[PDB]
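Below, each chain spelled out in residue letters.
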Amino acid sequence: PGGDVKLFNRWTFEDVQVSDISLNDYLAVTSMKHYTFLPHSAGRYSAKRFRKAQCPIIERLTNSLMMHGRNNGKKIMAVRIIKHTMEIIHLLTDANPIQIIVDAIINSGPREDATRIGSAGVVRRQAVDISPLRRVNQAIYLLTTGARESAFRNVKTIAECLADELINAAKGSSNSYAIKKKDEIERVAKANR
Amino acid sequence: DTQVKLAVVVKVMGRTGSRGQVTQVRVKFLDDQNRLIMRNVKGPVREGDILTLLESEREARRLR
Amino acid sequence: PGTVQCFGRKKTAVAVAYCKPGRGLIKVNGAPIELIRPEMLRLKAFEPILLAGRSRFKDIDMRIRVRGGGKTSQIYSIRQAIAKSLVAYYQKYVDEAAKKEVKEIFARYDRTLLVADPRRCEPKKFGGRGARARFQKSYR
Amino acid sequence: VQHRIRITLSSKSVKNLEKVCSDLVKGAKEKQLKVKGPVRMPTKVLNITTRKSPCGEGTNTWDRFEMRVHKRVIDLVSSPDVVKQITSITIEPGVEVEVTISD
Amino acid sequence: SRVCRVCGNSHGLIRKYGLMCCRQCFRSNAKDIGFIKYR
Amino acid sequence: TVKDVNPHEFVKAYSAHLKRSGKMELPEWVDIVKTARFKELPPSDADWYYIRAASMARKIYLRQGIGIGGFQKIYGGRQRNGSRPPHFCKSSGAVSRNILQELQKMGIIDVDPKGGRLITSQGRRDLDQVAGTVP
Amino acid sequence: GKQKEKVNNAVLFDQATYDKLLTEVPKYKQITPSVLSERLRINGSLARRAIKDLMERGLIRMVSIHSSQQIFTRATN
RNA sequence: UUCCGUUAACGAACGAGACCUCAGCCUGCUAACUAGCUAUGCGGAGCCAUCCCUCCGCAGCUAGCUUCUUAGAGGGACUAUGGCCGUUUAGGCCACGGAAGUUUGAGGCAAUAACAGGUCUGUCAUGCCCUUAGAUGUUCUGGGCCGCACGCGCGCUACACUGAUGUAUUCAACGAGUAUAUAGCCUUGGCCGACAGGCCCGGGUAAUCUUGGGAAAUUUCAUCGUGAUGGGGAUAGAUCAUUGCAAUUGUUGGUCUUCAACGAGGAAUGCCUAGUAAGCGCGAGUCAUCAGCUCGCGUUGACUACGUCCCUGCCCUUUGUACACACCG
Ligand SMILES: [Mg+2]
Ligand SMILES: [Mg+2]
Ligand SMILES: [Mg+2]
Ligand SMILES: [Mg+2]
Ligand SMILES: [Mg+2]
Ligand SMILES: [Mg+2]
Ligand SMILES: [Mg+2]
Ligand SMILES: [Mg+2]
Ligand SMILES: [Mg+2]
Ligand SMILES: [Mg+2]
Ligand SMILES: [Mg+2]
Ligand SMILES: [Mg+2]
Ligand SMILES: [Mg+2]
Ligand SMILES: [Zn+2]
């Protein structure tokens, strides 16, 4: 897709390939519509259903960094964490940091879950599929929480807790909060099939 | 050994479950574009979305 | 005769970008545009310029006075002031169909470099200390 | 001969005050006076919130009373009698006129 | 040593703008004074 | 000049300038004061007094008619009151007044008619000359 | 990581981080950051935050400064 | 219970809607030196410097000045146009356009019938009863409403590094100023003072002065380094200053010192769907002094859902009742 516009004016959006065609529809990265200079846009997302699938993904990651009250709405701080984070990713991997995140989104999103449904008149938790958009939403959620928990009461910085999280998650090692939370969800859901 | 198979939501049926938390959909298998079976999705899902399925034999019943 | 005074708005930040037919100047309350002081939200102010080009501005100068709002709202404001002020100058002084190209550059990127957000601070109502939030309820 | 006489108008009523305001303007425009008006001033809004109950019981409910106040100004380059020769038309109920001699 | 100009009550008094009305006698005379409840 | 240069990196230059621009007087209360009611510790830096000067020598350059009761506000900040909610707190005027006194004696600022403190004709020069001496 | 409790133990200023170890601690992923070194080596900060300058004046690496005291590190070249 | 329609009913009345108020668009209109760009005159500086180029201050018959501000008029949206759905009716979903397509947003008003709901302590509103000079009347002094084994509710501050502190940097909005006495409510500017607070000249009954309210979080740059630490700030000791006729059971604001519980909180449980939740501060009420409160304001600004009747309740229909102070029967 055409356009030589880059995040923070350093990182190319071309040469990022999202493998799983399942959620290629909701990773707002690949098309030239989604390229943006900054992960900060005051777009009126959430206004309609599925509209937040159009929000550029690096912003969706950014939005989730602002939690637990003392971080709510502090988006300049949150985005600044993102810049340092991708500095560290290219520092440690020397690959496209955009590729790392979107591969970290794709490896750490549960494909199944258990919900309390009732067939025949009696309810209990039963195994179900997961829609792609909640899967992306869940993949973001796991990564950001895991980076958050480790940084707390740690000399380590959040930018680099986030960075270790994403590198390990994109590899797929059983080392991330996101990875272990993903697989326990699948294992439960598998059992209650 | 199950192989993760992909399907596409052709259409949406209802919102089952006690709390309504389960959209029931009809899926289209991509390996064989002939198998239209019911599945139960969690999360917002429209036609043209692609569901990852671990198993396939698990088939949802009507108004499940 | 090139002179246009086109504004842009965000929540309360209002920016007015007076223009003359110069060489390259872009100054916000007299200070260079290259220096506005969210240095993370600096690309947002620069966003119209990297969209069109420094070349498109080769015969105009910009003095973009701002008032009100906050920090972030102003950067989204100057964005429209720069973006809108260009097309108004182009509409009035260059060509009407040489700005159709310019507009579709701005519009295919973001729709809010020409048209503001109507969103505003919803009033507080009693029975709670927020727009929607209500005081915590206790039964026993 | 030609002074700076300012007429100040306040009221609680939008429609009523602009009846007088425009009449004064058209009053003196028929004399081809130097009439510099009306300068329209920020509306003041007096406010009281009071609890609706006389006993402090029930869901605490508040009523916001308020009052709009509108402020109008006219400039006339004229005399102390030309100002009064004009400003003798029927002042509509309640509208406040306080013409004074400016600097 | 400040009471309502209407009833002489010592509580809930409104000195704002110099009404010196209690919160109840004012409500009773509010529209007459000219405080419109627009909202 | 002043506005083309970073309002931070420049003041480092002007803080290194009032060191070596000859010298002036300096209080025998300088190293103890917290500069505000709400501060917790006195300024960390030893050569803070000239940085406060350099930072406040641009105020009159970029404004006019600032008294001491307004200079207190410019450097005030939030105040944490422990248990009770935090508020705004106005900083101290002894520090602010005296910085003016020194630069008055040195020909960067003067007392202003119509009230306030106004920049000098020739003080504008150096704040623009040293401005030119910044990257 | 008693790494401000360790800032004066003579091993440090003798050699400990004057390439005694910190050749390696970037080389784990070849330029691992000033703070990954700060915890991939069990020792933490401010014996390091002084030496983040010290190795910089020694011309072995190039470094950054910013908001959160994010700071970076490089091995060679 | 809004309509299409149905029809032993026909034709009407209330409620709903309409309505009313602020917000969202108006380079179109009336303007505006108590709002203000724009140009030009000069004045200060930088600099290829003499002029020009840039930032600045001061005045005017500068404007074929009103873009920015105020406040009046009116304009604009009506599901209008297109598509699929539907008794192809009423209406539904979507799409280009548009400031705007949940009635665009949020509020004000708001039916019949009731409750032994609260209020006789708001009202010289009020029946009956009690007392009425040794008073349950009034007035003054002092004390109490604040007392502390304990249980409960709304909250403030935290348990830290997405941070504390100390620099530097700088962006709002809503309101407010009773002869306030001899400056006086809001208080600019000068000087004294480490803070606190004083002395002085004054401005404003206010788009004119305070104040274009230079707000905080934030943004930078250092210092700290996983340690009940420099997190946190209860408790207490000493002193100073202000308000008031009076500060004691510390009115409050300072300075030094003291450095507690608290390591994210069990069973339970509240509020909340986009400028929203959450964070941040400001103004107003009370007010001589005191705001951890309430009513408003702006600033940064999301996650999630676009559903269901499962829990808690509400409306309509059908049905059962030995209930009618009505299932708490
Ligand atoms: Mg940490
Ligand atoms: Mg706070
Ligand atoms: Mg409505
Ligand atoms: Mg009563
Ligand atoms: Mg009590
Ligand atoms: Mg309450
Ligand atoms: Mg502290
Ligand atoms: Mg700070
Ligand atoms: Mg108060
Ligand atoms: Mg709903
Ligand atoms: Mg039966
Ligand atoms: Mg009976
Ligand atoms: Mg029973
Ligand atoms: Zn009364």
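Residues numbered from 1 in each chain as written, not as in the entry; some residues may be left out. Chains lettered and ligands numbered in written order. Part of a larger assembly, values for the part shown. Heavy atoms only, no water.

- As annotated in the PDB entry, chain F carries the name 40S ribosomal protein eS19 and is attributed to Triticum aestivum.
- According to its UniProt record, chain F has this under Sequence similarities (unreviewed entry): "Belongs to the eukaryotic ribosomal protein eS19 family." (UniProt positions renumbered as here; feature names shortened; annotations may be inferred.)

- Looking up chain C in the PDB entry gives the name 40S ribosomal protein uS9, with the organism given as Triticum aestivum.
- Of the comments in the UniProt record for chain C, the one headed Sequence similarities (unreviewed entry) reads "Belongs to the universal ribosomal protein uS9 family."

**Observations regarding the overall build of chain F**
Then, in step 1: Across its full length, chain F carries five helices and four strands.
Then, in step 2: Along its sequence from the N terminus, chain F presents helices and strands in the succession α-α-α-β-β-α-β-β-α.
Then, in step 3: Here chain F has a C-alpha radius of gyration of 15 Å; the compact-globule value for 135 residues is 14 Å, and the two agree.
Then, in step 4: Its C-alpha atoms give chain F principal-axis dimensions of roughly 50 × 35 × 30 Å.
Then, in step 5: In chain F, buried positions account for 41% of the 135 residues.
Then, in step 6: For chain F, long-range pairs separated by at least 24 residues make up 58% of all intrachain contacts whose partners lie at least 6 apart in sequence.
Then, in step 7: Within the structure as shown, chain F displays about 8100 Å² of accessible surface, and the carbon and sulfur contribution to it stands at 50%.
Then, in step 8: With 23 positive and 13 negative side-chain charges, chain F shows a separation of 9 Å between the mean positions of the two kinds. (Helix = DSSP H or I, 4+ residues; strand = E, 2+ residues; numbered from the N terminus. Rg over C-alpha atoms; globule rule 2.2 N^0.38 Å. Buried < 20%, exposed > 50% of the residue type's maximum accessible area, 1.4 Å probe, protein only. Contact = heavy atoms within 4.5 Å. Areas by Shrake-Rupley, 256 points an atom, 1.4 Å probe, with all protein chains shown as cover. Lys, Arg positive; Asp, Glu negative; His and termini not counted. Charge placed at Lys NZ, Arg CZ, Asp CG, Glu CD.)

**Considerations on the interface of chain B and chain A**
Note: interface size is frequently given as the accessible area lost on complex formation between the parts.
Then, in step 1: Opposite the 26 residues of chain B that make contact, chain A presents 25 residues.
Then, in step 2: Summing both partners gives a buried area of about 2400 Å² for chain B against chain A, and 53% of it is carried by carbon and sulfur.
Then, in step 3: Where chain B touches chain A, the interface holds three salt bridges.
Then, in step 4: Put simply, A:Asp113 and B:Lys42 hold a salt bridge, and the shortest N to O gap is 2.4 Å.
Then, in step 5: Applying the counting criterion to the chain B and chain A interface returns twelve residue pairs in polar contact.
Then, in step 6: Counting only elements with at least two residues in the side of chain B that touches chain A, the list comes to β1 (5–16), β3 (36–42) and β4 (50–53) of chain B.
Then, in step 7: Residues that form the side of chain B that touches chain A fall into these classes: ten nonpolar, seven polar and nine charged.
Then, in step 8: Of the strand pairs in this sheet, strand β2 (residues 122–130) of chain A and β3(B) are connected by two bridges, and their pairing is parallel. (Buried area = accessible area lost by both parts, 1.4 Å probe. Salt bridge = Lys/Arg side-chain N within 4 Å of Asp/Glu carboxyl O. Polar contact = N/O pair within 3.5 Å; in protein donor to acceptor, adjacent residues only side chain to side chain. Nonpolar A, V, L, I, M, F, W, Y, C, P; charged D, E, K, R; others polar. Pairing = 2+ DSSP bridges.)

**Observations concerning helix α2 (residues 72–93) of chain C**
Then, in step 1: Compared with the 32 Å implied by 1.5 Å per residue over 22 residues, the 32 Å span of α2(C) between its first and last C-alpha is a close match.
Then, in step 2: Most of α2(C) sits out of view: 18 of its 22 residues are buried. (Expected span 1.5 Å × (residues − 1).)

**Description of the packing of aromatic side chains**
Aromatic rings in a pair are described by how distant their centres are and how their planes are angled relative to each other.
Then, in step 1: Enumeration over the complete set of coordinates arrives at eleven aromatic pairs over all chains.
Then, in step 2: One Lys or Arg, A:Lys83, reaches over the ring of A:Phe8 and ends 5.4 Å from the middle of that ring. (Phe/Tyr/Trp six-rings, centres within 6.5 Å; stacked < 30°, edge-to-face > 60°. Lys NZ or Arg CZ within 6 Å of the ring centre and 35° of its normal.)

**Thoughts on the arrangement of the chains**
Then, in step 1: The assembly contains six pairs of chains in contact; the pair sharing the most contacts is chains A and B.
Then, in step 2: The two partners chain B and chain E share no contact, and the minimum distance between any of their C-alpha atoms is 39 Å.
Then, in step 3: There is no contact between chain C and chain G; across them, the least C-alpha separation is 11 Å.

**Let's talk about empty space enclosed by the protein**
Residues and elements named next belong to chain A.
Then, in step 1: In the structure shown here, the tally under the stated rule is four cavities of 30 Å³ or more.
Then, in step 2: Of the voids in this model, the largest cavity is the one considered here, and its volume is about 90 Å³.
Then, in step 3: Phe13, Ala28, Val29, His34, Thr36, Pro56, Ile57, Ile58, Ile98, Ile101 and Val102 are the residues that line the largest cavity.
Then, in step 4: Those elements giving two or more residues to the lining of the largest cavity turn out to be α1 (57–63) and α3 (97–107).
Then, in step 5: When the residues that make up the lining of the largest cavity are grouped by side-chain class, the tally is nine nonpolar, two polar and no charged. (1 Å grid on protein atoms, 1.4 Å probe; cavity = no way out; pocket = protein on both sides within 12 Å on 5 of 7 lines; lining within 4 Å. Points joined across faces, edges and corners; volume = space filled by probe spheres on them.)

**Topic: the nonpolar core**
Then, in step 1: Among the nonpolar cores identified, the biggest contains 91 residues, and A:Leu27, A:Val29 and C:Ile64 are the most heavily contacted of them.
Then, in step 2: At ten residues, the largest contribution of residues to this core is made by α2(C).
Then, in step 3: Here A:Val29 is in contact with A:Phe13, A:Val16, A:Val18, A:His34, A:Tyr35, A:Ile57, A:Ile98 and A:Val102, once residues within four sequence places are set aside. (Core = buried A, V, L, I, M, F, W, Y, C linked by side-chain atoms within 4.5 Å.)

**Here's the deal with the protein's contact with RNA strand H**
Then, in step 1: The local shell around RNA strand H holds 186 residues, among which A:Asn72, C:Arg9, D:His70, E:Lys37 and F:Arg117 are the closest.
Then, in step 2: Backbone sugar and phosphate groups make up 78% of those atoms of RNA strand H lying within 4 Å of the protein.
Then, in step 3: Contact distances for RNA strand H include 3.2 Å between a sugar or linking oxygen and a backbone N or O atom of A:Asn154.
Then, in step 4: Per element, the largest residue contribution to the surface near RNA strand H is eleven residues, and it comes from strand β2 (residues 34–51) of chain D. (Near = heavy atom within 4 Å.)

**Concerning the sheet that holds β1(B)**
Then, in step 1: The strand order β1(A)-β2(A)-β3(B)-β2(B)-β1(B)-β4(B) describes an open sheet built from six strands, whose pairing is mixed. In the strand order of this sheet, the two ends are held by β1 (112–119) of chain A together with β4 of chain B, each with one partner. Averaged over all neighbouring strand pairs, the angle between strand axes comes to 50°, with direction disregarded.
Then, in step 2: Bridge count for β1(B) against β4(B) is four bridges, and the pairing is antiparallel. Its bridge partner lying in β4(B), B:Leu6 is registered against B:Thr52.
Then, in step 3: Contacts from helix α4 (residues 132–151) of chain A reach β2 of chain A together with β3 and β4 of chain B within the one sheet, and its direction differs from that of β2(A) by about 85°.
Then, in step 4: Contacts from helix α6 (residues 177–191) of chain A reach β1 and β2 of chain A, with the element oriented near 30° to β1(A). (Axes fitted to C-alpha atoms, helices over the stretch in contact; angles between N-to-C directions.)

**A short note on the interface of chain F and chain C**
Then, in step 1: Taken together, the contact between chain F and chain C spans four residues of the former and six residues of the latter.
Then, in step 2: Interface of chain F and chain C: buried area, both sides summed, is about 370 Å²; carbon and sulfur atoms make up 56% of it.
Then, in step 3: When the buried surface of chain F facing chain C is broken down by residue, F:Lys3, F:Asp4 and F:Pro7 rank first, second and third, together holding 89% of it.
Then, in step 4: Taken together, the links from chain F to chain C amount to zero salt bridges.
Then, in step 5: Its residues assigned to classes, the side of chain F that touches chain C comprises two nonpolar, no polar and two charged.

**Focus on the layout of surface pockets**
Then, in step 1: In this structure, the largest pocket spans a volume of roughly 1200 Å³.
Then, in step 2: For the largest pocket, the lining is made up of 40 residues, of which A:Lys33, C:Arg108, C:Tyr109, C:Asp110 and C:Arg111 are closest to its centre.
Then, in step 3: Only α1 (43–52), α2 and α3 (100–109) of chain C provide two or more residues apiece to the lining of the largest pocket.
Then, in step 4: A per-element tally of the lining of the largest pocket places α3(C) first, with five residues.
Then, in step 5: Approximately 910 Å³ is the volume attributed to the second largest pocket.
Then, in step 6: Every residue lining the second largest pocket is counted, 22 residues in all, and those nearest its centre are C:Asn29, C:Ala31, C:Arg37, F:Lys3 and F:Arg58.
Then, in step 7: Looking at the lining of the second largest pocket, the elements with two or more residues in it are β4 (31–32) and α2 of chain C together with α2 (49–61) of chain F.
Then, in step 8: Partitioned by chemical class, the residues of the lining of the second largest pocket number 13 nonpolar, three polar and six charged.

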